[PDB]
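Next up is one chain by itself, shown in structure tokens, the form deposited in one PDB entry.
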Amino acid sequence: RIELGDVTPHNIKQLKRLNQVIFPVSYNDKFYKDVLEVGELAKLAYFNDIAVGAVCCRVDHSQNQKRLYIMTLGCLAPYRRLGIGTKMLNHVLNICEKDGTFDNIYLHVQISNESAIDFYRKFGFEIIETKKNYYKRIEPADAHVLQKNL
């Protein structure tokens, strides 16, 4: 019942709308412009052909490593706990497994987001650091850095 589809100029506004409702951070036009250029690293999640979630990633070269950074991964509150997040996370883990050159996968999780910590730890991600004052306009401003070694 869960399918992932490509993000394109035809459905970018559906992605923008989904992110605006799901996430407490507003993303600029450069984020959505970058999204169209990452290809398979950005997907829309459909539940019975209804857009209910999305995943946006970027490649990062830091710590003298090739790293996959998940910027956004989420779905609408009434559709949670159906396997939509797992399908998006498995898709990104599958890109990395096929590619073979990624050292790790990391992301930021606002410290109050207990269900996201639970979700990522279930997949082998670890809290490797807690960045103080990561967010600027939202409370709490601290974010855990979650990382899975590949």
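Heads up: residue numbers just count along the shown sequence, starting at 1.
Same protein, other form: the form deposited with a partner chain bound, not shown, and the subject of what follows.
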task = Using heavy atoms and a 4.5 Å cut-off, decide whether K33, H91 and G100 all contact its partner chain in the deposited complex.
result = no
query = Might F47 be said to contact its partner chain in the deposited complex, defining contact as any heavy atom within 4.5 Å?
reply = yes
inquiry  = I117 versus its partner chain, in the deposited complex: is there a non-hydrogen atom within 4.5 Å?
reply    = no
message = Using a 4.5 angstroms cut-off on non-hydrogen atoms, would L41 count as touching its partner chain in the deposited complex?
response = no
ask   = With the partner left out of view, is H10 within 4.5 angstroms of its partner chain in the deposited complex by any non-hydrogen atom?
value = yes
